[PDB]
Every structure is written in C-alpha cells, then in structure tokens.
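Structure, as structure tokens:
Chains as they are written, first to last, in UniProt numbering: chain U, 2885 to 3025, 3034 to 3202, 3208 to 3382, 3386 to 3468; chain X, 1536 to 1685; chain S, 5059 to 5207; chain Z, 2735 to 2809; chain E, 861 to 882, 898 to 1127, 1134 to 1238, 1268 to 1310.
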C-alpha cells in the first residue's frame, strides 16, 4: 500500500513502513543505477547531489503529491544513457531535456528553474517544446533504454488534433482505445475487448492512444511500471481482467499515450498513476508561435465583422459558422500551417495563412450569411470576393458537386481522406445514393450509406464497415449519417472506429473517402453543436444535400432575376 | 471450448427456480451438449463461468491470428443474450405476468433450422421457433421487449 | 410537402385542429424562449412591461397552484390574437392599463370554453395587461424548470 | 542469482523488501509493506515472483527454496 | 471605362445636391451601391504592379479622390465605405509592395491632406508594424523618390521596432545590436540630413536615446566599469556595434583596442572561474568521505558576474598604464592557483579522479593534490618508458 494502514487488522503480522529517503540514500540509488558503467558514473556523480537537492526542494514545494521517486530515477537513467551514447560529459542541453521530460506536467511548479538554480548550466536556456519531448518519448533516439509511458494533459481533448497531424502524419497511425458511445455497449465486455486490443498491440508493436479510459487502469497497473520478466530475449509484462492475471509479450516498438483533461488528472487521477507516467501538457497555444496566435486574434475579429457588418438581428458566430467554438480559429490555423510545412516566415506566408484560414471558415458558413454580408456592405470588394469563393470556387450547391470536386482535386498520397459535413436539410436516402452512383460510375462503386443511430452495438457497425472496406474497389466512398438531437459521443466513437479499421485494412493503396453528415436545426435545442475538430477532418456546410429538382437554379443566378421573370 | 459453444452451445433464459432472487446469474445459463462420436457429458455453465472463459479468451487471443473470429462470435452472442436477460428482468420487476414461466433457448448455431425457441408455458400459446442469424433475431426481440416494457 | 408531418399528425383528427394550432404556436414560441431569443417581436413594447416584486410573488404563488400548460396556452392565444393585430390594438378594450385577469376571463367567456376557477378568484387583479407578456415568459420559465427537474 | 536489469539499483529498499518477502512467503508470515510510490515494492514483488520458480529458478539458492504462485487482488 | 469616371461622380453630386435641397436613406443606399458596382466592374485586377513599384491603373487614386470628396452628409457613410474598399485593395498586396508604391510612385502630389492620404498612411504604418514584428529587414536596398513619405515610413519603422519597455537600457542595447534596420536608419539619417527633417519628433527622441545609450556604453568600455552581460552582448555583435558607432561618430578605432582588451580580460576571468569550478567539483565528489571548508571561494564563485562591473571582477588594461599583470576577484594563493589549473587540465581524466584518498584548503592541497599528482606523473613516466607493472594496468585500466 501507498496509503497508511491500521495495525490491529494486520493480525500482528510484520509491518514495514518506508520513509522518503534523504540526500545520501538518493545519491546511493543513483550510483547503483549508474554502476553498469564506471566512466559515466564518475562523470554524473557531480550532478547527483544537485539533482537530489532539487528533488527534495520540489517535493517540499508542491502542494499535492505530483512528482515522486520514479521521476528522479528516470532522470538519472536518462542522463546516464545520454552520457553513455555521447561518450562525453553531459551537456547542459541534455540535463535540461531530462528535467523537462520528467518534472514537467504542472504549472505551479517551475522544475527547470529549481534545477538550474543549483547549477551554472542555466547558460543554455535553450528550452525544448512539448512537441519535441513527446517525439523523443515516442521515438527516442540492442539496448532497452526504455522511457516511461506518456500522459498528455489537455483542454477540451484538443491534444488529439495535434498528435494525429504532427507525428502520425502518415499511415503509421496508432490505435485509438476509447469508450464506445453506442447505447448498448460500454459495459464490462467493452473493457474486455479493449484490454484484448491493448494486448494485441503490445504483441504486434502498434502504438496506442488511451482516451478517457482511466477506468482501465486496474488492468494496466502492472504494465505501467514497466518491470518485465524475460524469456529467450523477449520481455513479458502482467495484464489482468478480473481475478485472472497473465503474462503478455511486449514488442520493443510499443509505446502508450494517455490523453486526458488536466482537471480530471489534478482532481480524480490517483497519485500512483500520476507517478507511473511521464507527464506533459499540450494545447494549441503550446504549438503556435506568437505571430500565429496574432493570426488567430485577427481571424476572431474578422469573424465578428463577418457576422454583423463590415433591424440587424445581431447574429452570433455559432449561428453563421456551423460548429464554431472558442478554439475554432486556432485549430484552423494549426491545420493550415501544418499543411504548408516548416516554410520560414515571410510576408507571403503570413498572407497565405490568413487567407487559407478565412477560406476554411467560409467553407462552413451559410450562404445566407454571405448574402447578408454583401447586402449590408452594398457590394463591397470583400463581399464579392467571398461570394465568388463560396458559390463558384466551392461546391455548397449539393453533395454530388462536393463529391465530384473532392474526387477530382484531392491529393493522391492520402489514401484515407476524412471529411465532416453539416446540413440543415433531410439526410440522404437510397435515391440520392443512386444519383451519386450515376455521377460516379466509372470512377468508384456505389457509395455506402449508414445511419449511426440504427446501430445498437459497436460490433455491428464494425461488421458493416469491414463489409465495405473489404471490397476490392480501388476507390471507396463511405458515408455516415446522423441527426443531432448524447449524439456527439456516438459520432466520436464511430469516427475513432472508422479510423482504426481503415488503419487496419491498409495493405492496399485503395483511396477511401469518408464523409460524416450531421443534420442540425437553425434554431436548435439548447446543446450547441461543436465542429472544427481539425486534424484529419475537413468541415463543410451544405445547406441542402439534394440537387434541387424543384429548381435547377444555383444561387448567385437568382440574385439578378425578379420573381416576374421566373414566369416568363 | 468456445468453438464448441459456437457450434453446439445453447443459451437459456428462464425465471429463477427454487424461489431464487431475480438476477442475471439465476436467469441465464449455458448448455454445452456432446458431439456425435464423442462421449463427454453435456455440461451446464453459469454466467460466472462464461465470463471467466471470456476473460481467458481475451488474454489468450493476443496472437495476431484469425482466431478472433471465433472469439468475436462468442462475444457477440454472449452480449446479445445478456441484453435479452436484462429485458426479462425489467418486465419481471414491473409486474408483468406473461414472462413468468417464459423459457427461451438461443442456439449459437442452427439446429435443424432453429436459432431461437420460446415457450411461455401456456396452453393457448404454441411453441415459437425461428431460424437465421441469432444476433439479428436477438436484437429485434430485445427491442420489442423494451417497447413492450414502456 | 408531407413526409414527417404525417408522423406527428397520425393520431390527430379534424376536431382537434384548433387545439392543435394553439399548441403548435405556443410550442413554437417556447422554443425561442429556451434559446433566449425574443418570441414576441411583433407585439407592441407597451404590452412588454416588467413585474414588480410583489406582483412577482403573487404570480409565482398563483402559478404554483395552477395548471401551467392550459394557462400558458390560453394567455398565449390571447396575446397573439388580441394584442398583435394593430386592428385590435386600436380596439382599446385591451389597454395596457386594463387588468390581465378581467381581459383573459372576458376572452375565455366569449369563446365559451371551460374557464379555470382559479382565473377569476386566484389571479391577482393588480397585474395589468402591460406586463402580460412578462407573465407568460415567467410562466414558461417555470415550466422549463419543471421540465429540467 | 536473479537476473535483474542493469539500470536497477540494488539499494537498501529493494534489498530489504526482497529479503523480507522471501522469508515471509517461505514461512507463510503475513507481510505488510507501506511506502510512498517508488519504494521498490512492486519491483520486489515481480522479482520474487520470477526468482522463486523453484526448479526453474536461476540460482541454486532459490532452487533449494519453494515454488511460488502469486494471486493478486487490487483493493 | 475608367476614363469616364467623371460622369458617375457628377450624377452622385447631383444626388447630393438634391438631398441637401431636402426614402432618403434608400436613395443613398442605391447610389452607394451603384457606385461600388461601377468601381468593381472597372477595378478588376490588382492594385499594384509586380515589384509594387507602380500602380496598375494610373488613375485609381484620382478616381478615389474624386468620388470620396463628394460632400454627402456625414451620417450616411459615403466616405467611410469607399475608403474601406480602397483599404481592402491595398491590404491584399504584400507589405513591401505597398511601401514601395507608397514612397516611390507619383500619386501623392495632389495634396496629401485628404482622407485617401490618411488611409494609405494608416495602412502603411500597420504594414510596418507587422514587418517589425516579423523582424525582416525593410530598408535593405530600399529606394525612394518622395522624402516626406519615406521619412514617415522610417519613423514608423523606428517607433514600432522599439522595445515595449522603451526605457530598459539593456533591451535598448539588445535591440540596437541585434536588429539590422538600425544600421540602415543610421546610414540614411547620416548621409543626408534632409531625411531627419521629414522624420517625426518621437523618432528623433528614440534616436537620441539610442545615441545616448551607445555613448554611455563606449564610455564604460573605455573606462572599464561595464557589466559582463553588456560586454558579452557587445562582443557577440561587435561588427554591428562598430559599424553603428562609426556612422554616428562620423556624423558627430580606439574602441576596437578597448573591446579587444576587454575580451582578453573576460577570457582570463572565465578561465580562472572554470578552474575554481573544477576544484570545487572535485572536492564535492570526495564530499561523501571528507568535508571541505572554502566558504569565501564558494561565495565568490556563486555570485553571477553579469551584474558585476568588470574592474571589480578583474584588472583591466589601458595605455593609461603599462602592460601590467592581471588580477581577479578570487585572489587565489599560488598553491591553490596551481592546484586549480592542473585539476582543470585533468578535469576529464578518469585516472586522476579516483587516484586519491574537516581539512583546510592548504591541507587539501598537501594531502590530496600532491600525492595524486606525484602518482599521476609516475604513472605517465611508467607508460612513456614502458616499465609499468601489470598490476597497475589491471587496477587502473580495469574500466577502459
């Protein structure tokens, strides 16, 4: 136990209580760790004292037990390995990187300041961003210099957008471990299937992302310690589901990432769990530079102007930009910069980023808002530009036109293309899928249309997804439907399941176009829909998905025609 | 064992005998018959035993092999039957009387064309039997039972 | 133009038509209120007066001892039909200064519908027509709270 | 005798925990270990589980001792 | 066609006269709408040419001035809307293209007191603010024909690039040395005085603050009371520093000698500091077995030099004196100086680290350093000669 006990219940057995070690015990532990080599041990010996004084300082400073001995031991291990590989005295940058990786994760603590206070290494102050640390954890540069598993603390589960974009840019994508949002499947059997998937990923070496599944910790408690038994060179770790405990094989390439909200961790997460994992905080603000954040502010202002003006019901951004929320502009900017690449800052890059962001936001706007902006701007240049882009350079007239444009213009490297669509009209029926087939014939097979609510269990959804993915067609179009009445859990779980299954059926270079269509109401029912999930997804609003048999008119034609002329 | 349960296994849902308190354990039990040419005995398993077998399958099946098909089939049927059991329990708690002598047998694989069999123990209602895939029938039956509960 | 309408109207018959109209209009407005949007833009601001603390306590006590749904439907119908039509605005038998109780009791009598006994006795007369719309708003909020509870 | 990983510290905490665990298990004495996270407790548990495979043990010492099968319950 | 711009303007002015003689808002809206429609149809393509050197349409500014100046009543918002459209057309272009067109081209002579001038100035100031935030050189190879507008642009660059804490001496020096635009600013303002006449008073104030800072820095450098942080920052950017001081002083060599001398004295002080560090670290290593008392040395070493004035930390050399010896803040004894020097040479030696068994610093020298160095020399002579014993190779090089 890590918590205290009552002696009377122990039946007068033997009770041993361990106290927090002093500096000498910590330095002896460090020397024990380094004993495997003598040169490196001598080199780091000087640093051991400062590391121990820093650790006791941190432990007395922090309010709640958040850092512990595992962090200190991991620091010593990482410095030992760095020196061993370098064959030279540990450079300041390495000590800084070790300290940041181990003792980061909290705001109220300034670890690096404490550790630098004891040393003259502060001269470096070349700080390393959480993205670099997370990369080094997942892809840390024969030897099992194994780093701890990652815990990413985020806000509004934003972290998932960043990682998918940055590190998993290609199809090396990890597997998402999450709680299902379908009505009849989240119970014990779901934990059983999840831990089965964790085991299979350990055996195969596929990296895993743990979403809000802290309730699975009792199954993983022993693996997180990463104390392994060995057989024939391979390492094994213990896993449990109930009273059954078994040893399972861990592929060296295996890594674990837990994504969780900062407040859940601070309040609810047990302290030994916080100690077992290497902790980092990730939010869009931690990725964006200053000028990118400035672009975010500019886009928020441009939005506010777009809503009202360059009577006057005083619309809000959510009522115009479907799915808008506090972080929409930041997500858009991140997606833009990530697609552009690492190109250096230039006036061209600044302008192009701003314009791309505006275009993406506009793609989710209602035609009604663009018309309002033009009318109330009396035909301003900006209004006509935006109308041109929306009505002519974009494909909001129907779903068939969007699909044709996406099929023709989309990239050829991205075998899996993900799209999110919002609409106010009626969802697609079989007749609409037939029309789409008639348009697509010669390019892809009949689009497969599924309604997420019709599914009561995740397994039936996976079965149909696999039925579709298993066809030999080089191009596949998958369409999922939902009516937003609660629901967001279903959409998220379906999204994750589809991503995982696409990652699994990947040996072929088939090109899969995935569309998620949500039917909303202009007024609503209180709970505001949230889009702009960014990452792999592209958010497009289509007011009406049908091809308008009642009028073949594409708007911006009627804009210069009277009702009298209609009856000519 | 799981392969045999898929091939021969039969799940049974019935009201608690011996005045036992109503719960999933008392309501649901698994029958595993013997196959032709083999002389082992038809065993009866309790819900705890099926959950133990399931845990074993999950921890064993880490082999990146097609074996998941059988585990997946086993798991699917198990979950469906558990869902059906809770629906019965609900009708029991609400005071319904039809589902007081009602016995249902779900055949993990068709026996002479039968996948589900239901008998209410009444002279007016003859035995009900239907074929096909068990999970579709079970989902439809669960949905009807829930609508009937409301 | 009949796809989802048919599923809502599958049970109603012609005799229900008028009541159905009333229900729909009130439900329509209630939605706007839940979203904090103004449902009564077409109503004269003069009829949009506020309620004093004492009249608020009296109204709350009445509503606690009242059938909230019927009261809301009737008061809504009165507001929409009488106070909205500028023709009935110039018809000054619905002046903001007139007591809400007497106006509503008169209206209900004219359509010879069964009148709620609380209307004549329990309804405070100190509440005038100018605050009538605030009354409906306040009543709807209680319903919405009852619906959350 | 037990083949520990090289980066593991043969410190006093793990030494005493392993010794006490071995003695108490072999003699069936109840042992209660209480310490803040990282005090070589679970590491000692895994090490004693691996070492005490009597005939399959790594050293003549543990080969002379008994064979241990652990059942775990997370309270 | 654009050539006919007078006709729309005349019809709009007629509408103005009719309104002033008196559905008004409706007629205004339709008038503004139709005018915008015409401008859109005519001004179809970019505002500026390739380099941002010239205007696509020679008459754009004339049409904007003509149409904006029509004296509609203010309440209706004619001027604001048209100027918003012009601003939109400007902001679409690259900042450097905007500034190039603004300064070089001949659009302004018509009277820069109008609203179009104030709008274009506003846009150019915002562009300069953005570029300063981007720290990209603007004035590099810049050319100009209108000195007044170039002076406005230059003052905007100076004011926007300046640190937010415009009073921080250290951040002023950092800005001056790091930012390249400052070289160009000083070069231009020195070459032809007329530029400064076109420059604002705020920019001249900032220039005067910068000049004062540089003069104080040079006085400290020559005298020797300069902070080690400032001397480090000056040495890291010695080229820009000497360029700027050459320009200013020619407008208004020994500094190279002084800065070289201070680089040498700083290198000496850092060498001594690192020797003391190595000695302290070795004693800290043998801490677990023996305790050492050198309070004064640890205190002196602990002080951060950046805040300290050089002459207090180390002796500085001047032709105001002869080439006398240097002395430092530490005042190490000869024994400790030799010991720290050798320990610095062998601070990476694994064979010297172990190689030895509260004591005072002279006792530390006597007991630890001398036996150790004696044995180390004897080992080096054994290896050079080859007479080393196998037991020595087994014990010492057990690790290698």
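By construction, the Cβ of each residue, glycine as well, lies at the ideal position given by its N, Cα and C atoms.
Length at least 4, wholly inside the segment 2906-2930 of chain U: the alpha helix (DSSP H) runs in chain order: Segments of the alpha helix (DSSP H) lying fully in the segment 2906-2930 of chain U: 2907-2918.
Within the segment 924-1009 of chain E, ranges of the alpha helix (DSSP H) (whole runs, at least 4 residues): The segment 924-1009 of chain E contains these whole alpha helix (DSSP H) runs: 935-943, 953-966, 970-979, 990-1009.
Alpha-carbon spacing of residue 2961 of chain U relative to residue 2743 of chain Z, whole angstroms: 11 Å
Per DSSP, cross-strand counterpart(s) of residue 3046 of chain U: U:3153
Residue 1229 of chain E vs residue 1210 of chain E beta-carbon contact at 8 Å: no
At least three beta-carbon pairs within less than 8 Å, the segment 2966-2978 of chain U to the segment 3003-3012 of chain U: yes
Local Cβ density within 10 Å of residue 3356 of chain U, reported as buried at 16 or more and exposed below that: buried
The segment 1612-1629 of chain X contacting the segment 1651-1664 of chain X, beta-carbon criterion three pairs below 8 Å: Between the segment 1612-1629 of chain X and the segment 1651-1664 of chain X, the count of C-beta pairs closer than 8 Å stays below three; the two stretches do not touch.
Residue closest to residue 3287 of chain U, alpha-carbon to alpha-carbon, out of U:3390, U:3441, U:3145: U:3441
Buried versus exposed, by CB contacts within 10 Å (16 or more), residue 1632 of chain X: exposed
Contact list for residue 2926 of chain U against chain E, beta-carbon separation under 7 Å: Taking a Cβ-Cβ threshold of 7 Å, the residues of chain E close to residue 2926 of chain U are 1231, 1234, in chain order.
Pick from U:3156, U:3230, U:3157, U:3170 that is closest to residue 3181 of chain U, judged by C-alpha positions: U:3230
Other residues of its chain near residue 3426 of chain U: CB distance less than 6 Å, five sequence neighbours each side excluded: none
Inter-stretch contact at 8 Å, needing at least 3 Cβ pairs: the segment 5139-5146 of chain S / the segment 2745-2752 of chain Z: no
Contact check, residue 3043 of chain U vs residue 3021 of chain U, beta carbons under 8 Å: no
For residue 974 of chain E, the nearest candidate out of E:958, E:1005, E:986, E:950 (CA to CA): Among E:958, E:1005, E:986, E:950, the Cα nearest to that of residue 974 of chain E belongs to E:1005.
Enclosing beta strand (DSSP E) for residue 3141 of chain U [first to last residue]: Residues 3136-3142.
Residue(s) in a DSSP beta bridge with residue 3210 of chain U: In DSSP, residue 3210 of chain U forms no bridge with anything.
Within-8 Å CB hit, residue 2888 of chain U to chain Z: yes
Inter-residue spacing [alpha-carbon to alpha-carbon] between residue 1639 of chain X and residue 5098 of chain S: Linking residue 1639 of chain X to residue 5098 of chain S through their CA atoms gives a straight-line distance of about 58 Å.
For residue 1640 of chain X: DSSP bridge partner residues: X:1547, X:1652.
C-beta atoms of residue 2983 of chain U and residue 2969 of chain U nearer than 8 Å: no
Best match in X:1670, X:1642, X:1648 for proximity to residue 1546 of chain X [C-alpha to C-alpha]: X:1642
Within chain X, the residues that residue 3384 of chain U reaches when beta carbons sit closer than 8 Å: For chain U, the structure lists 3382 followed at once by 3386, and that leaves residue 3384 of chain U out of the model.
8 Å contact criterion, which residue 3169 of chain U and residue 3116 of chain U should meet: CB distance rounded: 7 Å
Nearest-angstrom Cα separation, counted from residue 2992 of chain U out to residue 2776 of chain Z: 30 Å
Contacts of residue 3423 of chain U in chain S (Cβ-Cβ under 9 Å): 5089, 5090, 5093, 5095
Residue burial classification, residue 5155 of chain S (beta-carbon count within 10 angstroms, cutoff 16): exposed
Distance between residue 5108 of chain S and residue 5213 of chain S (C-alpha atoms, nearest Å): This structure does not reach residue 5213 of chain S, given that chain S is present from 5059 up to 5207, and the question cannot be answered.
Any C-beta of chain S under 8 Å from that of residue 3426 of chain U: yes
Within-8 Å CB hit, residue 3081 of chain U to chain X: yes
Residue 3033 of chain U versus residue 3101 of chain U: straight-line alpha-carbon distance, rounded: Regarding the residue in question, residue 3033 of chain U is not represented: chain U runs 3025 and then 3034, omitting everything in between.
Residue range of the beta strand (DSSP E) that includes residue 3348 of chain U: 3345-3348
Beta-carbon separation (whole angstroms), residue 3316 of chain U vs residue 3220 of chain U, contact threshold 8 Å: With a Cβ gap of about 13 Å, residue 3316 of chain U and residue 3220 of chain U do not count as contacting.
CB contact flag (residue 3076 of chain U, residue 1618 of chain X, <8 Å): yes
Residue range of the beta strand (DSSP E) that includes residue 3128 of chain U: 3126-3133
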